[PDB]
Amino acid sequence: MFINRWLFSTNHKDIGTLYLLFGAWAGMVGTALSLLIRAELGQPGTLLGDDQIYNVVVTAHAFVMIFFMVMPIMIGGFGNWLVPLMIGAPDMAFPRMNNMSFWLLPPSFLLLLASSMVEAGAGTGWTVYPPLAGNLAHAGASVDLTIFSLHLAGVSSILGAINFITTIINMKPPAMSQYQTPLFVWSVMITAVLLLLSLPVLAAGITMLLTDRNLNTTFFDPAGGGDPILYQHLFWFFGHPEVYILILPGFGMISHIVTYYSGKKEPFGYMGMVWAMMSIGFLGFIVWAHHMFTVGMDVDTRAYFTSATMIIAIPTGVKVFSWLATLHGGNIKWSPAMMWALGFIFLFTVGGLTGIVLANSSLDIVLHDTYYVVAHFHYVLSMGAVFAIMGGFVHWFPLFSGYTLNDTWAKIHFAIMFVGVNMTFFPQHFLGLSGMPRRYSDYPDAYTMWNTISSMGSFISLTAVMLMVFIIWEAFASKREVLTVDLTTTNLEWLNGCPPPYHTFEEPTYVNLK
């Protein structure tokens, strides 16, 4: 029975549970790598005495946090658990394919760990640019194992995207139009469309890198008439959609959390929120070369990419203001999930604004490949995504488990995390403005003070992570079972109890047309 249930699953809730467990474990790996980065930088000089290993650690940190922590948790975990429940559907459209999207991830992760164990690892950056990633500067198996890891992760997500689009389009109650579905469901649909279109391009590019390394092609090798910059275009054509993929299901969860703890039946400006996510998804495909402003690009192309990038601020600002307008007039419940969402709103806004600074290609000449970029994306991505994940986790943990958390402990956890991430990343802005490069294992002496503070900050977030594991333990240890939950009339995923039965909506909901 155990094998049938947990290895042969065709159930959206159990598969969602698997993804949450996987993503949590990956988050530990990613956190450990981040602490090694900041230990190397925590005082001037060398710690590891081996900068190839430092580069492998940086590269792995990013792949783990992006492909094995954020995407599995948000889309595989919350997506599978919540989307069928929010539309009253009995499961996903392809419940057995769903299980393969999950099981491709442990092998993908094994390939990445194999990459770091053989030879001297792939010390490339998560961008894996040739020629550094090619077969002369990175001879041997590590980069190919990394490429295959991305292939399996890509197939997992493309098939999951097919499943989510099909489920959301096809499996709603017959009276429910797309404009009657909850915003989290919209955020997952739009993320899936982005995955569907962007991951095949990444797969094309890294397959060309694979054949350059092993079949004597020369797509990226000037000796054969190739061009390293072509790889960058194919990578970032995927890579900008990818950063919106990382945040969009977070935007969906934030809309639900803010609505819920404001005591509201609905988010402010529902169709504006739909419009804004679709607009962000669309603009997300026409901005990628702002990752390439220093490669030798013509001035009119820089002007276009500067302007198109900045436009994204308009739909994003509609969502920020609409979350504020959802708080407006609320009977505010200061639950731990609410604290995570309010932290999200502020810290995402800071990071988004530093992105607007970087969009100005004239300033990006000086800021590109410095810690200002690192500060930008650890605010919007690392904090934005992580705070939405933590807020969702604390909010829905009683739905998934049937048990409550200790709210006081959860508030303590929030407070510690909030101090840690801000101490870690806020000084990196100074480091970037004053010209410290990213991807360095050591720095000129003038940069010591902010590096020292940033590394001390990283230990505070470590203490928060350890505390979070204890808080989950304490909840499962004490077994406070849920009795009553407010606002079920506008939060359908709670209406089948906690946890819901294995099969839900065997009899579908009744919804009239009128």
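Heads up, when I say rigid core I mean the largest set of C-alphas that superpose within 1.5 Å between the two forms. Residue positions are given as counts along the sequence shown, with the first one as 1.
Note on 378-386 and 255-263: with rigid core alignment, C-alpha atoms in 7 other deposited structures of this protein sit farther from this form for 378-386. Once the structures in 7 other deposited structures of this protein are superposed via the core, the pair 480-488 and 50-58 is resolved in favour of 50-58 as the more displaced stretch (C-alpha RMS). Looking at mean Cα B-factors across 187-195 and 328-336, the upper value is held by 328-336.
Remark: stretch with higher mean C-alpha B factor among 232-240 and 260-268 is 260-268. Between the residues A62, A477, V70, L35, it is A477 that shows the highest Cα B-factor in the PDB record. For the set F285, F418, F251, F220, the maximum C-alpha B-factor listed in the entry falls on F418. Ranked against the other modelled residues of its chain, the C-alpha B-factor of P437 as given in the entry falls in the lowest third. The entry lists a Cα temperature factor for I453 that places it in the middle third of the chain's modelled residues. The PDB entry assigns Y179 a C-alpha temperature factor belonging to the highest third of its chain's modelled residues. Among the modelled residues of its chain, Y19 has a C-alpha B-factor that falls in the lowest third, as given in the PDB entry. In the PDB entry, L41 places in the highest third of its chain by CA B-factor.
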